[PDB]
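Chemist:
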Amino acid sequence: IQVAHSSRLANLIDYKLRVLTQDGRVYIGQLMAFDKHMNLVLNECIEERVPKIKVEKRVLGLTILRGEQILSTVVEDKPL
Amino acid sequence: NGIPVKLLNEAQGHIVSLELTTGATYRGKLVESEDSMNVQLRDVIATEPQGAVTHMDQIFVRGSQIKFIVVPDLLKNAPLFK
Amino acid sequence: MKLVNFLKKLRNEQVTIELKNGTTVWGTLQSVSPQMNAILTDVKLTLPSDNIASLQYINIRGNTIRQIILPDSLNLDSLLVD
Amino acid sequence: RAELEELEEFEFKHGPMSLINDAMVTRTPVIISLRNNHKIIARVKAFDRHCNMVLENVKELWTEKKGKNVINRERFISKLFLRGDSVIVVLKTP
Amino acid sequence: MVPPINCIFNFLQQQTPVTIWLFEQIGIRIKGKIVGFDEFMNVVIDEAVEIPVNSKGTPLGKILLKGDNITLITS
Amino acid sequence: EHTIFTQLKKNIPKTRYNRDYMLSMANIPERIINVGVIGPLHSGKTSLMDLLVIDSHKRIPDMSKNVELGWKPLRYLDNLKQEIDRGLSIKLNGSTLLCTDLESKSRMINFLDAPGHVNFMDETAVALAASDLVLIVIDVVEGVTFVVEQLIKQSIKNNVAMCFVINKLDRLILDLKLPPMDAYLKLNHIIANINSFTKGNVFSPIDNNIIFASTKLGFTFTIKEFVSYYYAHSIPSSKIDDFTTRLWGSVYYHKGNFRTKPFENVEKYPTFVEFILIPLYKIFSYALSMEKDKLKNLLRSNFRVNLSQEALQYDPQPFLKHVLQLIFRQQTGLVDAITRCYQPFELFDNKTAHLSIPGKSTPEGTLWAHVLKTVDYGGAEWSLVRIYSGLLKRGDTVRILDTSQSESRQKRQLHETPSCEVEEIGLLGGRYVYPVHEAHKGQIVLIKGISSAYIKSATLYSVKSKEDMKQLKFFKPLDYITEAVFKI
Amino acid sequence: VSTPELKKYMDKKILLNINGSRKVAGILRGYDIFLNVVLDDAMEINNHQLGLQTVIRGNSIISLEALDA
Amino acid sequence: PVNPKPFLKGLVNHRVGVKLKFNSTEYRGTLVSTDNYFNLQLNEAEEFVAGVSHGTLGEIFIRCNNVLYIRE
Amino acid sequence: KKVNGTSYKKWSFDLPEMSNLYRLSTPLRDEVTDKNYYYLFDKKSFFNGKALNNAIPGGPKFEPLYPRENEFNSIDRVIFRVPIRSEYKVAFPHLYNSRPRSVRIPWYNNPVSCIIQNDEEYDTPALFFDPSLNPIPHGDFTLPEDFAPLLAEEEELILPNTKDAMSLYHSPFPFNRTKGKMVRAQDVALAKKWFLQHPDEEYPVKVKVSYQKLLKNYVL
RNA sequence: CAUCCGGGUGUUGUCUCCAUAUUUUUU
Ligand SMILES: Nc1nc2c(ncn2[C@@H]2O[C@H](COP(=O)(O)OP(=O)(O)OP(=O)(O)O)[C@@H](O)[C@H]2O)c(=O)[nH]1
Ligand SMILES: [Mg+2]
């Protein structure tokens, strides 16, 4: 995996981002919009739960992720 | 103002899905949204965390409980971003 | 009076971190937000008896951050005063 | 902004925020119970409104308990930042 | 229409049989009568009683309970 | 010879907002709103419509250099040889386009520009029968005259919400040369005269009902929009709306303290004069008569407006128009006011009940629409229809009943229709027609192919069962407001 | 400041989902900005009523469902 | 008239018993002072683990967020 | 600054130079600022007059262009009431006369002008309530201090050059411009607006006929 | 249907003058 040594989150917007969630799932997709409260809008969001064995996988598309239920953000891949 | 909350209120009317902290998904026409995501739906299917589906006419939700909201592919186009 | 001043003044330091679940995080303090959001480059994770999961970049949510283990060469009283 | 910090330090000295502020002034080791069960013996350096507190001379005490094998575990850290919400009860050891 | 502030002002003057449920808590209930009211939802309750749930009358007195962990009230 | 019209489909204007996303918002019936722009003769409603047209499209091909510079108004929706030579809208025209409010939520609006001369009131009766709400445009010099009085009495009669646009605000400044306090008293006189004919409802500029506009200089604003641009980045954000409710009607301000008495020391003006109207007079005076070197520095510092190096070399009226379009940006305050005026739940049922014999409901399966007028639009003739219920598809045979039959057929339903196939469906846009495949509930379209089935108006229905034939109810014929009495 | 528009649901029975899978039936009496539901008490989840008039805290609300149309 | 905050101001310099939510325990010590946040401080606070004094903690400072109820 | 070069092709002035040329050229200005002056003297009324063969009372007279000249309009059956004099046949030319051939339709109206001039003594301000005008008869909340409206740092509403700006703003063609290009010397028609307006006073017969002959030349 | 006095804009050349925290987010 490769990414630029970025200063802040908004500078790397529209990047394929692995986004953890407090309930155990991880949402992977290119981020369109962020917030002061860390609400995120993934362009091609993909629902990936970790069941109690192997990864659960599901496609969502354009979705809002609420900020409170986020654990953290990670860059998965580049734009385009 | 919150640009994701901007998107939510712009998404009113479409068949949107919604899972909470509880893990119980929903899916139907949205009706109302605010700064705190005080969501309302119509024609909402209410699948419990086990998978027990219960069709119902309406629902109101509090924003603290909301986890994520499935928006359609129309809001990808216009006009909130640029 | 704000420790946010101090945490803002903590920059480009390689630090360990704990979370609400208790996950470790070894990475350079790229920046810290006024609400504790630890922006970190060149990071390494290890879960709570579990094996390694190293990564390229992680900005972690402020509330999820439990306890940041600071580095060795650190004058606390130097940064505390304006 | 300045008047709020004036009444902050004023309300600390008179209110119960004076205790661990006085513990920082006396600079003693203090035990602190935690949300995920960690009795933190450490030297308090920093102190704010939210009870976030940088700790020198750190010594966390806990029990990683799994497998019917009580393994009371503990570690020393040079310096560590504490988040407020984790704290339950701070106390100055006599 | 009755906002919660006005309905609790009825509970303040009346002091009628209140039953309280608790936040992040199913194992225990309370039974008393409302006596105080804050600008937050903090309310002091005299004649309060700890009442474990119907899955008995256990001892409890007058309590200032931190009101940010309230669920039910009914005077 | 007859119209100016865009026949080549490749030469369509190029629509900044991606029309496919506009058509996708027609699925939600609450996203569409039908507004007709009525008012008196030579008050500004066509130029008001032309502002929205200019800001909605990328490159209009009929726009010359003079209508860009601002000498002659582009009268885009006038469109005819009659309306160019006579200088007078004689037929209603429209445009369907999407617009965003101040909270960035975009919605599809069907504007029907209507004539203002008093002989053409058949047209205005069509526009009142079509529109969900109307925005009555009046000019500030004449006041609410007897024509305005009748237009608002007919807006009340038709169960139609309404909105007001005070127009020609420059004529207070440049023509009549009124001082700012006297112009404030003029505006308060017009608004207090508006509220005398409206039965009970309250029209004030702070309830998003009153909209101040020029349309020759090419601006419009509201108090909410004008606070939202330049004031409310300084107010603490919990106070903003409350400050806007302080912006009208004899509340006075000095130094952070609001009160009602004339404050006895500073001899200031009321708050609308000081915060909104005197800065508007200053924009006009300084655009026309200040040296440009001081003006670009002052204007960059106050409004963050950056005057380009081309736009210093103008004539005074294009420069005033350029400055006023850069201070007052696109017409989002008017669209926000339109969104804050119309509630569908209150008035759609009463409007269909007033047009056609109040029943309980219509079934959601049946197609039920209202053919308002035959309009010669672009060479051939199109029906102009509003869809009240159901869906309509291109290639569908429906029953078109003339409205003169309907008052008998309704009693016979309380106690056959010729069918036609829908050849084409188009969205009206001004100098052109945009072809669309299907037409949903709640929107106004042009339908080619049913025009031979009726005289002045008709009703269009497609029933699925036989049982829904007793459920459906037919439209009553129009009240063309003036009786035709002049004979030849 | 944004008032949750419960005037559509005012004086109607509502199935309030609250913390720990608990339900509350009851006709609505009023509310505030925090969503604290002032409601006439009804049967709580076979089924049994506690109280006559109730005030539920907003933080404890999971949801509130339209029982009455 | 007997509100929480004025009774709490009367409860200053008096014995109090603190109960909490998760991983929690009753207490018993003389309240020192309070604020609008309801941060507590006790002297001679005995750690009553479900009404069983596990240890005399003494001079202590309790956080506001984890407070459930406070009694005599 | 005020010209492109010695090729002498384009010009651009300031406001006081343009205002000075506006005052200084008083005897040859148009001095008609509303378009409702030319109600039945516009170009298109002249074309309808030539085509219909009528004569509006102060304009030109041409040949018919249709010089070859039933009981529908009989006397017994038409109601004689409000005579159909020639201004009505010019103004509404498809209604008042049968067979309108080669007739065009002449711009109904312009709304009503209420421009107010200010020429007396100059010491009256720019914004002033004229004697022509009718009259118009009949602390919980605070903000931060030093909250002032937008242009409060510039305290003068009326600049000194603004009366000249509001007078040049309404002048007809050459003076509302302050930017343009050089034309030829004979292409500037100085007598032309004179015979397009009306006769200024009551003149001899020769001088009223001279207006008509020149004005006929303009129409052709 | 033509002739004549004139005009715009674009590309190239040429000429002249100078220059190189206390309920929905985070306590
Ligand atoms: N002086 C001045 N004139 C204006 C202003 N706004 C519009 N007009 C003029 O008003 C005249 C009428 O404009 P339109 O909008 O075309 O007329 P209308 O409102 O459609 O009325 P109709 O005759 O029915 O079309 C135009 O010649 C404009 O020049 C203004 O703000 N000031
Ligand atoms: Mg018009």
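Just so you know, the protein sequences line up as chains Y, F, C, U, D, V, E, L and B, in that order.
Under UniProt numbering, read the first sequence as residues 4 to 55, 75 to 102, first letter to last.
So for the second sequence, UniProt numbering puts the first residue at 4; every next one is plus one.
Under UniProt numbering, read the third sequence as residues 1 to 48, 76 to 109, first letter to last.
So for the fourth sequence, UniProt numbering puts the first residue at 15; every next one is plus one.
Under UniProt numbering, read the fifth sequence as residues 10 to 64, 73 to 92, first letter to last.
Under UniProt numbering, read the sixth sequence as residues 102 to 516, 533 to 605, first letter to last.
Under UniProt numbering, read the seventh sequence as residues 2 to 46, 53 to 76, first letter to last.
So for the eighth sequence, UniProt numbering puts the first residue at 12; every next one is plus one.
Under UniProt numbering, read the ninth sequence as residues 291 to 359, 365 to 433, 450 to 531, first letter to last.
C-beta atoms are modelled at their ideal positions from N, C-alpha and C, and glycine is treated no differently.
Report the rounded CA-to-CA distance for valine 25/C versus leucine 7/C, giving the unit in angstroms.
Modeler: Along the third sequence, one-based indexing puts residue 25/C at 25. Along the third sequence, one-based indexing puts residue 7/C at 7. So the two alpha carbons sit approximately 16 angstroms from each other.
Chemist: If we cut at 8 angstroms on Cβ distances, does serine 369/B have a partner in chain V?
Modeler: Walking along the ninth sequence from the start, residue 369/B turns up at place 74. With 8 angstroms as the cut-off, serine 369/B does not count as an interface residue toward chain V.
Chemist: Closer than 9 angstroms by beta-carbon distance: list the chain Y residues that pair up with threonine 91/C, in chain order.
Modeler: Translated into positions along the third sequence, residue 91/C becomes position 64. Residues of chain Y passing the Cβ test: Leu23, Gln25, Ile92, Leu93, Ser94.
Chemist: Which class does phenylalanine 446/V belong to by DSSP, given the choice of helix, strand or coil?
Modeler: The sequence position of residue 446/V within the sixth sequence is 345, counting from 1. In this structure, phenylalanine 446/V counts as helix in the three-state DSSP scheme.
Chemist: Flag this pair as touching only if the stretch 49 to 57 of chain U and the stretch 10 to 21 of chain D have three or more C-beta atom pairs under 8 angstroms; answer yes or no.
Modeler: Result no; under three Cβ-Cβ pairs closer than 8 angstroms.
Chemist: Please list the residues of the stretch 470 to 496 of chain B that have a C-beta atom closer than 9 angstroms to any C-beta atom in chain V, keeping them in chain order.
Modeler: Listed by position, the residues of the stretch 470 to 496 of chain B near chain V (Cβ gap below 9 angstroms) are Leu470, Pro471, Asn472, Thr473, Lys474, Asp475, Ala476, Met477, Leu479, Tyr480, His481, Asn487, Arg488, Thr489, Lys490, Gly491.
Chemist: May I have all residues whose beta carbon comes closer than 5 angstroms to any heavy atom of ligand 2, sorted in chain order?
Modeler: The set, ordered by position in the chain, is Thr147/V, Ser190/V.
Chemist: Find the residues of chain L that neighbour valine 52/D, judging by a C-beta separation of less than 9 angstroms, and give them in chain order.
Modeler: Residue 52/D sits at position 43 when you count from the first residue of the fifth sequence. Those within 9 angstroms of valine 52/D in chain L are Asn14, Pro15.
Chemist: Out of curiosity, what's the CA-to-CA distance linking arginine 208/V and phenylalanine 446/V?
Modeler: By one-based count along the sixth sequence, residue 208/V stands at place 107. By one-based count along the sixth sequence, residue 446/V stands at place 345. Whole-angstrom Cα-Cα distance: 17 angstroms.
Chemist: Counting only Cβ pairs nearer than 8 angstroms, list the residues of chain U close to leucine 103/C.
Modeler: For this step, residue 103/C is matched to residue 76 along the third sequence. Residues of chain U passing the Cβ test: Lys59, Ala60, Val68, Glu70, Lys93.
Chemist: Buried or exposed for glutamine 68/F, going by 16 or more other Cβ atoms inside 10 Å?
Modeler: On the second sequence, position 65 is the one that residue 68/F refers to. Classification of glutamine 68/F: buried, given that the 10 Å Cβ count is 16 or more.
Chemist: When you compare each of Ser386/V, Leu468/V, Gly319/V, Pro371/V to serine 478/B by their alpha carbons, which one comes out closest?
Modeler: Indexing the ninth sequence from 1 puts residue 478/B at position 167. Answer by Cα proximity: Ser386/V.
Chemist: Flag this pair as yes or no: are the beta carbons of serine 190/V and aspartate 202/V separated by less than 8 angstroms?
Modeler: In the sixth sequence, the residue the question calls residue 190/V occupies position 89. In the sixth sequence, the residue the question calls residue 202/V occupies position 101. Not closer than 8 angstroms, so no.
Chemist: Give a yes or no on whether 8 angstroms exceeds the smallest Cβ distance from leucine 78/F to chain Y.
Modeler: Taking the second sequence and counting its residues from 1, one reaches residue 78/F at position 75. Chain Y, which has a Cβ nearer than 8 angstroms to the Cβ of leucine 78/F, makes this yes.
Chemist: So, using beta-carbon positions, are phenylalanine 265/V and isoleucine 307/V closer together than 8 angstroms?
Modeler: By one-based count along the sixth sequence, residue 265/V stands at place 164. By one-based count along the sixth sequence, residue 307/V stands at place 206. No, Cβ-Cβ distance for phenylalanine 265/V and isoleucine 307/V is not below 8 angstroms.
Chemist: Have a look at the DSSP bridge pairing and note the partners of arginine 372/B.
Modeler: Here residue 372/B is taken as the residue at index 77 of the ninth sequence, counted from 1. Note: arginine 372/B sits in no beta bridge, so no partner.
Chemist: Kindly give me the distance between the Cβ atoms of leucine 89/D and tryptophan 30/D, rounded to whole angstroms, as I take these residues to be in contact under 8 angstroms.
Modeler: As a first step, residue 89/D is located in the fifth sequence; it is residue number 72 there, counting from the start. As a first step, residue 30/D is located in the fifth sequence; it is residue number 21 there, counting from the start. That pair is a contact at about 4 angstroms.
Chemist: Kindly indicate which three-state DSSP category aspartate 394/V falls into: helix, strand or coil?
Modeler: Taking the sixth sequence and counting its residues from 1, one reaches residue 394/V at position 293. If DSSP states are grouped into helix, strand and coil, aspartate 394/V belongs with the helices.
Chemist: For the pair the stretch 365 to 385 of chain B and the stretch 142 to 159 of chain V, tell me if three or more CB-CB distances fall below 8 angstroms.
Modeler: No contact exists between the stretch 365 to 385 of chain B and the stretch 142 to 159 of chain V.
Chemist: Would you kindly work out how many angstroms separate the C-alpha atoms of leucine 48/U and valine 15/C, rounded to a whole number?
Modeler: Taking the first residue of the fourth sequence as 1, we reach residue 48/U at position 34. Taking the first residue of the third sequence as 1, we reach residue 15/C at position 15. In a straight line, the C-alpha of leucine 48/U is about 21 angstroms away from that of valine 15/C.
Chemist: Taking only beta-carbon atoms, is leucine 311/B less than 8 angstroms away from chain V?
Modeler: One-based indexing of the ninth sequence puts residue 311/B at position 21. So no, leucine 311/B is outside the interface.
Chemist: Using the beta-carbon count (16 or more within 10 Å), is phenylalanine 373/V buried or exposed?
Modeler: Counted from its first residue, the sixth sequence places residue 373/V at position 272. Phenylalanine 373/V is buried by the Cβ-count criterion.
Chemist: Please list the terminal residues of the continuous alpha helix (DSSP H) segment that includes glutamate 184/V.
Modeler: The residue labelled residue 184/V in the question sits at position 83 within the sixth sequence. Unbroken alpha helix (DSSP H) run through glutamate 184/V: 182 to 186.
Chemist: Residues in the same chain with beta-carbon distance under 6 angstroms from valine 398/B, minus the five sequence neighbours each way, listed in chain order, please.
Modeler: The residue you call residue 398/B lines up with position 103 of the ninth sequence. Closer than 6 angstroms at the Cβ level, and outside the excluded window around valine 398/B, lie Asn338, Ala341, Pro388.
Chemist: Could you list which residues in chain B have their beta carbon closer than 8 angstroms to that of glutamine 414/V, in chain order?
Modeler: On the sixth sequence, residue 414/V is found 313 positions in, with the first residue counted as 1. Within chain B, the residues near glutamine 414/V are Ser302, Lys490.
Chemist: Using DSSP with H/G/I as helix, E/B as strand and the rest coil, what is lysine 292/B?
Modeler: For the purposes of this step, residue 292/B is taken as the residue at position 2 of the ninth sequence. DSSP places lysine 292/B in coil when its eight states are reduced to three.
Chemist: Taking all protein chains shown into account, decide if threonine 323/B is buried (16 or more other Cβ within 10 angstroms of its Cβ) or exposed.
Modeler: The count along the ninth sequence starts at 1 and reaches residue 323/B at position 33. Exposed, since its Cβ has fewer than 16 Cβ neighbours within 10 Å.
Chemist: With the cut-off set at 8 angstroms, would you say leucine 279/V and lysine 269/V are in Cβ contact?
Modeler: Looking up residue 279/V in the sixth sequence gives position 178. Looking up residue 269/V in the sixth sequence gives position 168. It is not a contact, given that the beta carbons lie outside the stated cut-off.
Chemist: For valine 104/U, which residues in the same chain have their Cβ closer than 7 angstroms to its Cβ, ignoring the five residues on either side in sequence?
Modeler: What you label residue 104/U is simply residue 90 of the fourth sequence in a count that begins at 1. Closer than 7 angstroms at Cβ, skipping near neighbours: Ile34, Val44, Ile46.
Chemist: Enumerate in chain order the residues of its own chain whose CB-to-CB distance from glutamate 508/V is below 6 angstroms, with the five nearest sequence positions on each side excluded.
Modeler: Numbered from 1 along the sixth sequence, position 407 holds the residue referred to as residue 508/V. None.
Chemist: With a cut-off of 8 angstroms on the beta carbons, I'd call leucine 400/V and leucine 408/V a contact; round off their distance for me.
Modeler: Residue 400/V sits at position 299 when you count from the first residue of the sixth sequence. Residue 408/V sits at position 307 when you count from the first residue of the sixth sequence. Going by Cβ atoms, the distance from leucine 400/V to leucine 408/V rounds to 6 angstroms, so yes, they are a contact pair.
Chemist: Beta-carbon of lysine 79/D versus every beta-carbon of chain L: anything under 8 angstroms?
Modeler: Numbered from 1 along the fifth sequence, position 62 holds the residue referred to as residue 79/D. Yes, contact with chain L.
Chemist: So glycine 21/L is in the beta strand (DSSP E); what residue range does that whole segment cover?
Modeler: Working through the eighth sequence from its first residue, we reach residue 21/L at position 10. Looking at the DSSP string, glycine 21/L is not in any beta strand (DSSP E); the run it does join, the alpha helix (DSSP H), is 15 to 22.
Chemist: According to the Cβ coordinates, are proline 15/L and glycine 45/D closer than 8 angstroms?
Modeler: The residue given as residue 15/L occupies position 4 in the eighth sequence. The residue given as residue 45/D occupies position 36 in the fifth sequence. Their beta carbons are under 8 angstroms apart, which means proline 15/L touches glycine 45/D by this criterion.
Chemist: With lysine 565/V as the anchor, note down where its beta strand (DSSP E) starts and where it stops.
Modeler: Here residue 565/V refers to the residue found at position 448 when the sixth sequence is read from its first residue. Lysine 565/V -> beta strand (DSSP E) spans 561 to 565.
Chemist: Give the DSSP-derived three-state secondary structure of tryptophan 349/V in the structure shown.
Modeler: Position 248 of the sixth sequence, counting from 1, holds the residue named residue 349/V. Three-state result, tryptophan 349/V: coil.
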